[PDB]
Number of protein chains: 4
Amino acid sequence: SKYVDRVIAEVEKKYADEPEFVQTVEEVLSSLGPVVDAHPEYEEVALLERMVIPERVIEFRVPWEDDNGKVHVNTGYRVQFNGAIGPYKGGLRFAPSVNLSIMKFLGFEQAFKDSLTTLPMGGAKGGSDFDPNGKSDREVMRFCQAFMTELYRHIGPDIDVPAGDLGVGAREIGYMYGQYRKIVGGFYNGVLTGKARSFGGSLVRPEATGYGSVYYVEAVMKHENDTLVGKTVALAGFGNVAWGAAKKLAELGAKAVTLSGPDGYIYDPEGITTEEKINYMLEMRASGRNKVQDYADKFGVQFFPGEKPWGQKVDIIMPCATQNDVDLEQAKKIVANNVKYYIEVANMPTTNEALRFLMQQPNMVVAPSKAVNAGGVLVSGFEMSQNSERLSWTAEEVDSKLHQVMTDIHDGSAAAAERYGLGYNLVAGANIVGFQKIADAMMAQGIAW
Amino acid sequence: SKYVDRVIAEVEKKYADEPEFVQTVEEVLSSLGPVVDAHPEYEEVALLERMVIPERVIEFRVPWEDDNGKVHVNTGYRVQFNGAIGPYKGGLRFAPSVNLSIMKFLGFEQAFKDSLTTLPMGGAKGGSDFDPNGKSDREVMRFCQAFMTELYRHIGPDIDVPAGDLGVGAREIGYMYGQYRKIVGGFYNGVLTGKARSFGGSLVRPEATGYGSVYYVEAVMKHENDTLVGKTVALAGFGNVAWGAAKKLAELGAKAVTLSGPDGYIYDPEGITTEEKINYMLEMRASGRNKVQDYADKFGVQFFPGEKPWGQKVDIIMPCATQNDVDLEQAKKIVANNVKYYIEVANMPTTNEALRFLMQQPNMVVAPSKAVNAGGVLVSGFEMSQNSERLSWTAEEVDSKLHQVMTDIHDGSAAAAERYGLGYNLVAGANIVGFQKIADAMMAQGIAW
Amino acid sequence: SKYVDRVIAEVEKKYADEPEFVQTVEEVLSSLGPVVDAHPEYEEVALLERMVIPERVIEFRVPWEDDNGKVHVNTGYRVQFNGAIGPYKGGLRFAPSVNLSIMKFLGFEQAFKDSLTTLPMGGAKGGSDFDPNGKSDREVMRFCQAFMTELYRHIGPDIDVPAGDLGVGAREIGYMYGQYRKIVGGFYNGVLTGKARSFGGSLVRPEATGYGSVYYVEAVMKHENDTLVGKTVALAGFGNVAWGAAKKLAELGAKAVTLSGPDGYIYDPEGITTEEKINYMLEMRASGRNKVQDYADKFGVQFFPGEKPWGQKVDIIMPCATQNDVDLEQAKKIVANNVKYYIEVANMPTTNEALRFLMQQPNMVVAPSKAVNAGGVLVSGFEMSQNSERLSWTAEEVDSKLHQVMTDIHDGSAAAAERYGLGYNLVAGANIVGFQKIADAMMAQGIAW
Amino acid sequence: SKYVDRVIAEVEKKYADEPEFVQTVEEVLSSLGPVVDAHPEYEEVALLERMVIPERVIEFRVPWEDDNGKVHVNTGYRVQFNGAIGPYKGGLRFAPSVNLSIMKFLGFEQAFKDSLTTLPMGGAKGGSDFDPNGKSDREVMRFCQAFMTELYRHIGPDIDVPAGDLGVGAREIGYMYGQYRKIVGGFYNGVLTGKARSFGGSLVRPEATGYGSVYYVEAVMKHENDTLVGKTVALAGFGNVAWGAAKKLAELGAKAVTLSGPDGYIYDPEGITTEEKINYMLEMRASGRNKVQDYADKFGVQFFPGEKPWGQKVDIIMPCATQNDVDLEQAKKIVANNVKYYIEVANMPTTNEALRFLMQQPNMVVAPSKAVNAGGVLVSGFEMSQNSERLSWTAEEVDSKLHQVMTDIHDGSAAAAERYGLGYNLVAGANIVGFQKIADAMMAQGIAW
Ligand SMILES: N[C@@H](CCC(=O)O)C(=O)O
Ligand SMILES: N[C@@H](CCC(=O)O)C(=O)O
Ligand SMILES: N[C@@H](CCC(=O)O)C(=O)O
Ligand SMILES: N[C@@H](CCC(=O)O)C(=O)O
């Protein structure tokens, strides 16, 4: 589509200094050509040009004092990218690399991911260049208070609902929420999600991302007249997502056979499928040692230091740890191994070069992270519902809806790709399904945003 | 000061992509060494590190529709840099070059300028990459409405009071204000300054910047046991500031002998000192022709196309038009001419290379724009007072205070430079006087911002 | 002006059921032809069509309980007609005849009157069909509380500042204000004017309307190379306005020779010029007897029952009591008497037939009430200034400004009439001066309201 | 008055547990008998019963963390006692004895004091049982932030304007204000008074209480056909008030001859009348040593440890330090000495027994602190005016109004006492003048508060 190409070119030029953002826009917009060409009305109201500029961006100063009385200064961000279909929604990331480029790219993708859930959630991202590494609990608390002392005026249960991400977990959400309720003088606990149960968090929260990713893979098997049962799976990490996936894979008849750490990776041909094995991951996580070897030492399984587990021959690859984990190098190994299922779980775990490549392979099934990991934000949506109803749902209620939605995200994507003649292209399908709802809403709302 | 050098280095690295901002910080902070070295307490509360990061930055999407029904999208900014001593305050600039770097640099300087006025005004800057050139009146109106539809929630008479700048005049202020009062449902006319008289603008508004700059030069003459009477002056432009200065120079016994346009410059040895001559500038401005030749055609005076008037031998140089007007090339001519008085009137009309150079010259007097052009923002402060009192002052009241303050800005700067042993360095003096009030306020307010 | 005629015709048709409003619009708009014909731009933005429709109208239910526990229901109004040049401003009228027509007509005229003061005040009117006659003090208090319990959300010191009118005096203003400050939880005493001194009322309040009307007449004498000294004056009423006028006439060398009541009128060839005489009016007012005879009984002066004092031969006629007091019948007597000065003081004290007639008389000077009685609202403006400054001015400060403004309202009107070639037509002049400021502001504010 | 006696009896019974409050009510109400007996209408609307119950009381939890990371908990109060004539107004006291009783008594008296100023200021008091003694600057800052994090929602420039008192000075006001402006997102610097100049404090602030007390004494001399010149004066303390009084006494021809400290008192027959002597007080204050001996060591003047200076024979006694300083014991010495002028400067520096006693003495002049020390709150009122006008007044403007008002507070009190036949009773006169304005306002505002 000439219209699409034109917007990408203008973006590339205007936001040259924001490489991460430019690439994401290109990647998403480029898959929408067929849809946009079928809707000339979009161009007339400059829809794409509007979409690529966040509704509102806020940056602010965050001075705070350490345990020694020294004053530090960081910068806080919240990018409220698109609120056409629900209050802004998206996690908070505290990491020294954080800048506007990275917030806009994650925030643009968040809009598409949130649109897929089928719930009324807009897209946003925020965070700070504050580095939680090595800070005391008390230091993290004062930072969170000073961060919220400004942030509170831009968010709220019907406006913008943040949540956790890298560097931001239950603990930080708790401290921010305490400051919020104090300043505002009321409860409004739907202002943040990822909360502890005592003040409104949802059951299935910890399992959400991981289980969700397995329900999606299940819908993939079905599509392909195949089965999870018996399948082996390579994971990355030993964290939350990895824990949740391993757990549900095992329950489903499958088994994970690898985990990974900055120190290397393990191989466990038996499968991280026991209560004892599965639970230990929590331990290692706890431990704060940050080494995957511990599992190998504990269970007496292979530990290959300084190596990715992308070389092992398995049925399914699920990268659930960090960005740009799988590169060309690793993709080629995966290919060579004749792995059919490549399922992104963590955010942007694959480089593009790697992605196109995997995508050129005819026999392969490639699932994009914005769809596969939607389970967590989907449970954040259920948490906002529970908070608005002022009650809790049972675990069975939450898990059962989680399950039905993840299946629909898969099926919907396929149907959409197929409709625009793209085959079984889950990557473009996720983009298309996500874009359509947003477009419909923006077109109906007129030219205001 | 090691502390100062350290903050400049961290700024240079962190905001590499914001060259204009980096340079301004270096230029201002570097002159404060003596003051900072005398106040060790500043470093303990990380004062400079706080100061260089704006309290709050807001960017937002601005879709709007042209006379033909085509939809355009621009981006709006408001950088609320420092509000320690008054509501945020600073102009709006509509120009296609506008970006965050430029907003932060003008907004950082605005804090120092506003601090010098002696009135309670903080520092901010905002605007859009919208280009008013070639737009209809109706188009500018719809843009201003859509811009304000988001902006209103961040400003207010006690919070942030914008005003005009490049691309933003009475007309735009009028349209934004109409939208504001409609959305908010009340009067609150102190929300913007630069208003027309019918709805609360102040007398002496149009003359403000120009007259103020002449009262300052007057205080310079006095300092130097000299006199305006008889002096000749090179101006740049034929606009508002130039008009106001010429006018007051003439009244004071002096006379301007040049004006300037993108087309060249004129020389008028008699002096733009008559009602007829003086008033014609308004005409040319009106005319929208944008040519200084008109004056030469009209009055039959020299017109040197494609040339700056920096070569003419005069007593006083007052650049009142555009940035980086006076470069090394032009400074060397000025030097060669044995001009003692170089008085910046327009904002950053001189490059640094040019500035250091002029500043190395022992016999010369160099006045920085943040002090010299304070007259306009000073009248904006009087306008907020009048609006808060719900009455108007007479022209004599406003002009008489304008006069006394500009004298004090000069005298104060000198005294300050002298105190820290810098001689009669009006440039560092302006920075020091401005910084001190802000520092005092931030130190008293604690570590919150 | 064809444009003017067209708007009047559309008004007449659309608001047929609002006779009082239709007539006022016609009367005012018809005098603006020359101004509108000189400004084609007005028609392009449909300025007059906008002006004739109030920005906002609010009507509301007012249940309240009497001293016997019976529940009564009345209706409350506030018409916020035009706020282009200041917060809405205008009195509250409690009378059983009150309806929307009457509120809109008084509110449209209030905009023009407020514009003449030269202060930033918009135009509004409000009130209720509640009848204070025969109610207890306690009943009036509960009514005022219930009326304010809804009204408070539409007004405020920067939004809409009501004040007294027929049926609403200091006492009612006090009760409404008490309810306001309780609901809102703060002071904000600039929300209402006409307050008692103890909580922010202004000195010269009681004298305001009356004195103002005499300062205006003074400017008329000057215009006409004449003098107040020695002049005799027919007043109507024995109330506030009459009291204030008599008082200042006497001080100025003149003397009133009549007063009036529903019972008839008195004639006092000596002049209501003594402390004893002057003060007695207050008595009669107090007395609540409502009879002008009391003065005649007390001072032993003529009392002609059931008669208007419009028949007495005097230098100046100043009707300061009720509407449509002076009719054709009375105008013809005035004419026959060769009275040159006819000065409306009370609101619409003359019927139109009467007005045109007086206006056709070549030798006569006719002053419209919107200008002549501006003194009261002008002191309400000074009260808002004092409240905003959080201090009181002295009586001399208030009276001296009152005086200078009333002179300017006269002079300005004359100059304006003369400019559009209308002669010394104070009636059209008041309309023109008032309209111009409002137009300027609306044109500058764009098409929002 | 039976009505008065009845309200005192009901107060005594209902607030038995609040001794300080009960006594103050009795003391004030008992002097109002004559006024109340002249206004039967008061009893009908239960005016006194309303007056003795604060409009609103707020208490709140204040957790905060010390320099060692230990968590402390204190309690915060704000009693908004009466807002009939202006926003609530009154200081903040941080001392371990603070409780509701003490807040209500100081807050009830504050209403009467504020009413005397003639400015629109209501009456309030607040504070905490937090003890600033021995805390670090950083600790006081965190406390002030946590205190304001709750307090901000109850105050504001038009609602309730706190200020300093025991334990709360410029430094604490600065820290609270910084937190306020951060939470609220705007300037609103009129929210607190006693601010540093850099962010809106008024000139003459430090001198205010002391100078004011001397202008009042001056009006007393005049009343009594006497003179300050030559008079000697016993002060108490070496603080702010003492410094200000000594200073102005000296300028006026008088001289202080004593100062006092917890360590004893000094006698300086020459007079603390030199720049050197006067300025040294600041030193001692600074020093934080808390000993008056320093002055005696420095100037070589008598130092009587563990003794009050109430025994020295002087013309005028001005207790300017602490409560219940002058007891029966000290009063008897004063009496014995034939001192005619007893002028309370500090708050409640005299016990009642002592007060009645002094008051029974026929030849003596006794001035109550609520009137004499009104100078400070009067300058706080001028500061709110300056902040609302968004400018500064000169020192001469502030001092000259200070002077005229203090004279009026004296004269007004005398006239009032005399009117109700009480003689020259400055104590009852202050109560009566204060009560009358408040009563007038409450009666006009109806039964809402
Ligand atoms: N950080 C997760 C959770 C966000 C949310 O729950 O709002 C994400 O990227 O979706
Ligand atoms: N644009 C002018 C005016 C700003 C103002 O009046 O706030 C400046 O740079 O100062
Ligand atoms: N009722 C008066 C006073 C209104 C006011 O003071 O706002 C009028 O018609 O002007
Ligand atoms: N604490 C002083 C000052 C209070 C104020 O300025 O509001 C008093 O008791 O009056």
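Every chain is numbered from 1 and lettered A, B, ... according to where its sequence line falls, protein lines coming before strand lines. Counting convention: from 1, in listed order, for ligands and their atoms alike.
- Using a 4.5 Å heavy-atom threshold, the side chains of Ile85(C) and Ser115(C) count as touching.
- Within the 3.5 Å criterion, the main-chain N or O of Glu20(A) finds a donor-acceptor partner in the side chain of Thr24(A).
- Residue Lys89(D) approaches ligand 4 through these ligand atoms, each under 4.0 Å from one of its heavy atoms: 5 (C), 6 (O), 7 (O).
- Taking every non-hydrogen atom of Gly90(D) and a distance limit under 4.0 Å, the qualifying atoms of ligand 4 come out as 7 (O).
- Taking a 4.0 Å cut-off on heavy atoms, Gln110(D) registers as neighbouring ligand 4.
- Near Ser380(D), with a cut-off below 4.0 Å to any heavy atom, the atoms of ligand 4 are 5 (C), 6 (O).
- The proximity of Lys370(C) to ligand 3, defined as any non-hydrogen pair under 4.0 Å, does not occur for either the backbone or the side chain.
- Residue contacts with ligand 1, taken as heavy atom pairs separated by less than 4.0 Å, involve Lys125(A) solely via side-chain atoms from C-beta onward.
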Would you sort out whether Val191(C) and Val161(C) count as a side-chain contact (heavy atoms from CB on, under 4.5 Å), showing the intermediate values? CA-CA 5 Å; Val191(C) 69; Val161(C) 179; 5.8 Å; no
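- No hydrogens or angles considered: a donor-acceptor pair under 3.5 Å links the side chains of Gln386(D) and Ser202(D).
- Nearest protein neighbour of atom 8 (C) of ligand 4, counting heavy atoms only, is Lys113(D) NZ, 3.5 Å.
- A salt bridge does not link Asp160(A) to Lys89(A): none of the charged side-chain nitrogens sits closer than 4.0 Å to a carboxylate oxygen.
- No side-chain heavy atom of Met121(C) sits under 4.5 Å from any side-chain heavy atom of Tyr88(C).
- Distance alone, capped at 3.5 Å, is enough to place a donor-acceptor pair between the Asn387(C) side chain and the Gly200(C) backbone.
- In terms of polar-atom proximity, defined here as any N/O pair under 3.5 Å, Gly164(C) does make such a contact with ligand 3.
- Residue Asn347(A) places no N or O, backbone or side chain, under 3.5 Å from any N or O of ligand 1.
- Atoms of ligand 4 found under 4.0 Å from any heavy atom of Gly91(D) (numbered from 1 in listed order, with element): 4 (C).
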